[PDB]
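This is protein_2.cif (mmCIF, C-alpha atoms and all ligand atoms).
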```cif
data_my_file
#
loop_
_atom_site.label_atom_id
_atom_site.label_comp_id
_atom_site.auth_asym_id
_atom_site.auth_seq_id
_atom_site.Cartn_x
_atom_site.Cartn_y
_atom_site.Cartn_z
CA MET A 429 96.00 130.72 122.52
CA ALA A 430 94.18 127.39 122.18
CA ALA A 431 90.64 128.00 123.40
CA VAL A 432 90.02 127.19 127.06
CA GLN A 433 87.60 124.51 125.87
CA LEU A 434 90.51 122.71 124.22
CA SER A 435 92.59 122.78 127.40
CA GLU A 436 89.61 121.54 129.40
CA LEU A 437 89.31 118.73 126.86
CA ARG A 438 89.06 115.58 128.96
CA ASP A 439 85.84 113.97 127.74
CA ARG A 440 86.15 110.23 127.13
CA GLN A 441 84.12 110.81 123.97
CA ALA A 442 86.67 113.33 122.72
CA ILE A 443 89.48 110.79 122.47
CA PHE A 444 87.03 108.39 120.83
CA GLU A 445 85.38 110.86 118.46
CA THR A 446 88.92 111.63 117.32
CA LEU A 447 90.03 108.15 116.27
CA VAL A 448 87.03 107.84 113.96
CA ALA A 449 87.69 111.38 112.75
CA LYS A 450 91.13 110.31 111.55
CA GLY A 451 89.87 106.96 110.28
CA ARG A 452 87.63 108.71 107.75
CA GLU A 453 90.55 110.85 106.60
CA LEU A 454 93.04 108.00 106.85
CA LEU A 455 90.99 105.34 105.06
CA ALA A 456 89.37 108.07 102.97
CA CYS A 457 86.07 106.19 103.09
CA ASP A 458 82.50 107.50 103.16
CA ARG A 459 81.27 106.21 106.52
CA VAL A 460 82.92 104.97 109.71
CA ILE A 461 81.71 103.86 113.15
CA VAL A 462 83.29 102.79 116.43
CA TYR A 463 81.98 99.84 118.43
CA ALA A 464 83.20 97.73 121.34
CA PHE A 465 82.01 94.69 123.30
CA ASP A 466 81.10 95.58 126.88
CA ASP A 467 80.19 93.07 129.58
CA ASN A 468 76.95 92.39 127.71
CA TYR A 469 78.38 91.25 124.38
CA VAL A 470 76.63 94.30 122.93
CA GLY A 471 78.33 96.67 120.50
CA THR A 472 78.96 99.64 122.79
CA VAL A 473 77.98 102.89 121.09
CA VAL A 474 81.38 104.53 121.49
CA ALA A 475 81.14 106.99 118.61
CA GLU A 476 79.36 107.24 115.26
CA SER A 477 80.57 109.19 112.23
CA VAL A 478 78.60 109.38 108.99
CA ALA A 479 79.47 111.56 106.00
CA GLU A 480 76.97 114.15 104.78
CA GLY A 481 73.84 112.75 103.14
CA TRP A 482 73.77 109.65 105.33
CA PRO A 483 71.84 109.49 108.64
CA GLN A 484 73.38 108.78 112.05
CA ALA A 485 73.57 105.03 112.63
CA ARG A 486 74.10 105.75 116.33
CA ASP A 487 70.33 105.32 116.61
CA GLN A 488 70.92 101.63 115.89
CA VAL A 489 72.34 99.56 118.74
CA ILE A 490 74.15 96.49 117.42
CA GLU A 491 71.89 93.73 118.73
CA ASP A 492 74.02 90.96 117.24
CA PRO A 493 76.74 90.03 119.77
CA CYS A 494 78.44 87.57 117.43
CA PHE A 495 79.78 86.14 120.69
CA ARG A 496 78.19 82.81 119.79
CA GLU A 497 80.53 80.24 118.23
CA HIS A 498 84.17 81.11 117.58
CA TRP A 499 84.83 84.76 116.75
CA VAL A 500 86.18 86.72 119.72
CA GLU A 501 89.27 84.50 119.64
CA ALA A 502 89.85 85.54 116.03
CA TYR A 503 90.57 89.10 117.13
CA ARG A 504 92.29 87.84 120.28
CA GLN A 505 95.13 86.83 117.97
CA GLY A 506 95.08 90.04 115.93
CA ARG A 507 93.28 88.56 112.93
CA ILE A 508 92.54 90.85 109.99
CA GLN A 509 89.11 90.69 108.37
CA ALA A 510 88.51 92.31 104.98
CA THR A 511 85.13 91.63 103.37
CA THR A 512 84.54 93.59 100.17
CA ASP A 513 80.89 92.79 100.86
CA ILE A 514 79.20 91.11 103.82
CA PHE A 515 76.60 90.06 101.24
CA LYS A 516 78.76 87.14 100.11
CA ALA A 517 79.26 86.05 103.72
CA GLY A 518 77.24 83.85 106.07
CA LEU A 519 74.42 83.58 103.53
CA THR A 520 71.07 82.21 104.68
CA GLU A 521 71.80 83.77 108.07
CA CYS A 522 71.24 86.99 110.00
CA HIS A 523 73.39 89.64 108.32
CA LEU A 524 72.05 91.65 105.38
CA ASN A 525 68.86 92.16 107.39
CA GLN A 526 70.71 94.10 110.09
CA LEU A 527 73.42 95.31 107.71
CA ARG A 528 71.14 96.50 104.90
CA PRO A 529 69.68 99.42 106.90
CA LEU A 530 73.07 100.98 107.62
CA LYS A 531 73.60 100.90 103.85
CA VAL A 532 77.03 99.42 104.51
CA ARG A 533 78.36 98.29 101.14
CA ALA A 534 81.90 97.78 102.44
CA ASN A 535 83.10 96.08 105.62
CA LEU A 536 86.58 96.49 107.08
CA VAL A 537 87.60 95.46 110.59
CA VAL A 538 90.83 95.63 112.59
CA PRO A 539 91.55 94.07 116.02
CA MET A 540 92.31 96.36 118.96
CA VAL A 541 93.47 94.86 122.25
CA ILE A 542 94.67 96.23 125.59
CA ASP A 543 97.19 94.52 127.86
CA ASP A 544 96.55 91.31 125.94
CA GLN A 545 92.80 91.84 126.26
CA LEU A 546 89.92 92.53 123.87
CA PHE A 547 88.56 96.07 124.13
CA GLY A 548 86.94 96.93 120.80
CA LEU A 549 87.36 97.12 117.03
CA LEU A 550 87.32 99.96 114.50
CA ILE A 551 85.09 99.44 111.45
CA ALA A 552 84.91 101.49 108.26
CA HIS A 553 81.88 101.13 106.00
CA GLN A 554 81.61 102.75 102.58
CA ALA A 555 78.00 103.75 101.92
CA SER A 556 78.81 104.95 98.40
CA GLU A 557 80.41 101.76 97.09
CA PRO A 558 82.57 98.77 98.14
CA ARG A 559 86.29 99.54 97.99
CA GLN A 560 89.22 97.12 98.00
CA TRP A 561 91.36 97.93 101.03
CA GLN A 562 95.01 98.79 100.37
CA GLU A 563 97.78 96.74 101.96
CA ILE A 564 99.23 100.00 103.27
CA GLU A 565 95.80 101.37 104.16
CA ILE A 566 95.07 98.32 106.30
CA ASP A 567 98.33 98.52 108.24
CA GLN A 568 97.96 102.27 108.76
CA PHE A 569 94.35 101.89 109.86
CA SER A 570 95.24 99.01 112.16
CA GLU A 571 97.85 101.31 113.69
CA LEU A 572 95.18 103.90 114.43
CA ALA A 573 93.21 101.31 116.40
CA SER A 574 96.32 100.05 118.19
CA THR A 575 96.99 103.65 119.22
CA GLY A 576 93.71 103.86 121.13
CA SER A 577 95.08 101.07 123.31
CA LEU A 578 97.96 103.36 124.27
CA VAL A 579 95.58 105.98 125.66
CA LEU A 580 93.03 103.55 127.09
CA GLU A 581 95.84 101.63 128.78
CA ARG A 582 96.89 104.81 130.58
CA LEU A 583 93.39 106.09 131.36
CA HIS A 584 91.81 102.68 131.94
CA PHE A 585 94.45 102.12 134.61
CA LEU A 586 94.78 105.64 135.99
CA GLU A 587 91.01 106.18 135.94
CA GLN A 588 90.41 102.92 137.80
CA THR A 589 93.35 103.36 140.16
CA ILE A 590 92.03 106.81 141.04
CA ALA A 591 88.86 105.32 142.51
CA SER A 592 90.97 102.90 144.55
CA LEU A 593 92.69 105.98 145.98
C1 LIG B 1 73.61 86.41 112.76
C2 LIG B 1 73.47 87.76 113.46
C3 LIG B 1 74.38 85.35 113.60
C4 LIG B 1 73.85 84.55 114.63
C5 LIG B 1 72.41 84.53 115.15
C6 LIG B 1 74.84 83.73 115.14
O1 LIG B 1 74.71 82.94 116.07
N1 LIG B 1 75.98 83.89 114.50
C7 LIG B 1 75.88 84.95 113.49
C8 LIG B 1 76.94 86.01 113.85
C9 LIG B 1 78.07 86.25 112.80
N2 LIG B 1 78.35 87.33 112.02
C10 LIG B 1 79.44 87.11 111.23
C11 LIG B 1 80.12 87.91 110.27
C12 LIG B 1 80.54 89.25 110.60
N3 LIG B 1 80.49 89.86 111.81
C13 LIG B 1 80.95 91.13 111.81
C14 LIG B 1 81.02 92.01 112.93
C15 LIG B 1 79.83 92.51 113.53
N4 LIG B 1 78.81 92.06 114.29
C16 LIG B 1 77.93 93.04 114.55
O2 LIG B 1 76.91 92.91 115.22
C17 LIG B 1 78.34 94.23 113.97
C18 LIG B 1 77.70 95.65 113.97
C19 LIG B 1 77.32 96.29 112.63
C20 LIG B 1 79.52 93.87 113.33
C21 LIG B 1 80.35 94.90 112.53
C22 LIG B 1 81.33 91.37 110.49
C23 LIG B 1 81.93 92.71 109.98
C24 LIG B 1 81.08 90.22 109.74
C25 LIG B 1 81.32 89.98 108.22
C26 LIG B 1 82.69 90.20 107.57
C27 LIG B 1 83.55 88.92 107.60
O3 LIG B 1 83.93 88.52 108.72
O4 LIG B 1 83.80 88.37 106.51
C28 LIG B 1 79.88 85.79 111.53
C29 LIG B 1 81.08 84.98 110.93
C30 LIG B 1 80.79 83.71 110.10
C31 LIG B 1 81.34 82.36 110.64
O5 LIG B 1 80.55 81.61 111.25
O6 LIG B 1 82.54 82.08 110.44
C32 LIG B 1 79.01 85.28 112.50
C33 LIG B 1 79.03 83.90 113.18
#
```
Mind turning the file's structure into structure tokens?
Amino acid sequence: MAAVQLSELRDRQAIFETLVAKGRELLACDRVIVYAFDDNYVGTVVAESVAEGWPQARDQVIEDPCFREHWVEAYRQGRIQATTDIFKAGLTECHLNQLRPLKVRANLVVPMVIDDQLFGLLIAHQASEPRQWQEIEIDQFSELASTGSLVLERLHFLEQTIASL
């Protein structure tokens, strides 16, 4: 017994909705969202997860590509970014304006690459208060993101190869 629905589980969103599901439990934060950079430098709305009391940010499509200047390369090397508060970052520039609405008081990012390529990044925002990430929590969370590459690598290839069939 495992519910036919479970066996028929093959939705691309399922595998994605899961990662974030664990992230919340793993990081033990208050809010978490998944975003990637498609061929438009736009934060792809992979999956959005917001704890009770907070609205769904999925209604907000990351307009800021951040592609400008150096940045993508930062993750291309597996750089770790931990900002207790994006408020003390890039002042006098576009940030709080687009970050205030989401009520994101904490910003944590971890690089996720596939076959030496940039796919996306997992972010965890605490809407209740800014928390200092734990050395172990960062590594564990980074592992969760790296895992997605394992699946994507298989599907991304198999899915594409299938069409070439
Ligand atoms: C303002 C939007 C802007 C313009 C215009 C521009 O040309 N550059 C600058 C973009 C920018 N933003 C940061 C800092 C951060 N970026 C992220 C990641 C995101 N971009 C998004 O659109 C979203 C969706 C919510 C995210 C999550 C984050 C988390 C930060 C802050 C944390 C940190 O890195 O400390 C920068 C970096 C500043 C620099 O120039 O070095 C730039 C250029």
Each residue of chain A lying at most 7 Å from ligand LIG 1 (chain B) should get a row with its shortest atom-to-atom pair and the distance in Å to one decimal, counting all atoms listed in the file; could you produce that, ordered by chain and increasing number, as a Markdown table?
```
| residue | atom | partner | partner_atom | distance |
| --- | --- | --- | --- | --- |
| A:471 | CA | B:LIG1 | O2 | 6.6 |
| A:490 | CA | B:LIG1 | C18 | 5.0 |
| A:491 | CA | B:LIG1 | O2 | 6.2 |
| A:492 | CA | B:LIG1 | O2 | 4.0 |
| A:493 | CA | B:LIG1 | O2 | 5.4 |
| A:494 | CA | B:LIG1 | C8 | 4.2 |
| A:496 | CA | B:LIG1 | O1 | 5.1 |
| A:497 | CA | B:LIG1 | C33 | 6.4 |
| A:499 | CA | B:LIG1 | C33 | 6.9 |
| A:509 | CA | B:LIG1 | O3 | 5.6 |
| A:510 | CA | B:LIG1 | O4 | 6.3 |
| A:511 | CA | B:LIG1 | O4 | 4.7 |
| A:514 | CA | B:LIG1 | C25 | 5.0 |
| A:517 | CA | B:LIG1 | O4 | 5.8 |
| A:518 | CA | B:LIG1 | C30 | 5.4 |
| A:521 | CA | B:LIG1 | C1 | 5.7 |
| A:522 | CA | B:LIG1 | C1 | 3.7 |
| A:523 | CA | B:LIG1 | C2 | 5.5 |
| A:527 | CA | B:LIG1 | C19 | 6.4 |
| A:535 | CA | B:LIG1 | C23 | 5.6 |
| A:536 | CA | B:LIG1 | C23 | 6.7 |
| A:537 | CA | B:LIG1 | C23 | 6.3 |
| A:551 | CA | B:LIG1 | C21 | 6.7 |
```
### Task
Calculate how many Å separate atom CA of residue 542 of chain A from atom CA of residue 590 of chain A, rounding to one decimal.
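That distance, rounded to one decimal, is 18.9 Å.
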Write out, as a tab-separated table, each residue of segment 484-558 of chain A that has an atom at most 7 Å from segment 473-478 of chain A, together with the closest pair of atoms and their distance in Å to one decimal, counting only C-alpha atoms, rows going by chain and rising number.
```
residue	atom	partner	partner_atom	distance
A:484	CA	A:478	CA	6.1
A:485	CA	A:476	CA	6.7
A:486	CA	A:476	CA	5.6
A:489	CA	A:473	CA	7.0
```
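The point (75.1, 101.1, 95.7) has these residues within 9 Å of it, counting only C-alpha atoms: residues 531, 533, 555, 556, 557 and 558 of chain A.
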### Query
Between atom CA of residue 589 of chain A and atom CA of residue 545 of chain A, what is the spacing in Å?
18.1 Å
### Query
In Å, how far is it from atom CA of residue 581 of chain A to atom CA of residue 444 of chain A?
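The value is 13.7 Å.
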Using the file's own x, y and z axes, so that the box edges lie along x, y and z, what centre and edge lengths in Å (one decimal) does a box around every listed atom of segment 437-443 of chain A get when 4 Å is added on each side? Give it as lines of an AutoDock Vina configuration file.
```
center_x = 86.8
center_y = 114.5
center_z = 125.7
size_x = 13.4
size_y = 16.5
size_z = 14.5
```
### Residues within 6 Å of residue 549 of chain A, all atoms listed in the file, excluding chain neighbours under 5 positions, as a list in words
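The neighbour list is residues 538, 539 and 540 of chain A.
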#### Entry: Selected residue, from A:507, A:520, A:483, A:458, that lies nearest to residue 566 of chain A when counting only C-alpha atoms
A:507
### Query
If you count all atoms listed in the file, which residues fall within 6 Å of residue 553 of chain A, apart from same-chain ones fewer than 4 positions away, as JSON, numbers by chain?
{"A": [459, 460, 532, 534, 535]}
### Task
Would you please work out which residue, of A:482, A:569, A:503, A:515, is nearest to residue 452 of chain A when using all atoms listed in the file?
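Comparing A:482, A:569, A:503, A:515 against residue 452 of chain A, the winner is A:569.
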### Which residue of A:524, A:455, A:502, A:572 approaches residue 560 of chain A most closely, using all atoms listed in the file
A:455
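Distance annotation: of A:500, A:508, A:583, A:546, the residue with the minimal separation from residue 563 of chain A is A:508; atom set is only C-alpha atoms.
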### Message
Need to verify the contact set: residue 442 of chain A, 12 Å, all atoms listed in the file, exclusion of same-chain residues closer than 4 positions in sequence. Can you return it as a list in words?
### Response
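That gives residues 433, 434, 436, 437, 438, 446, 447, 448, 449, 474, 475, 576 and 579 of chain A.
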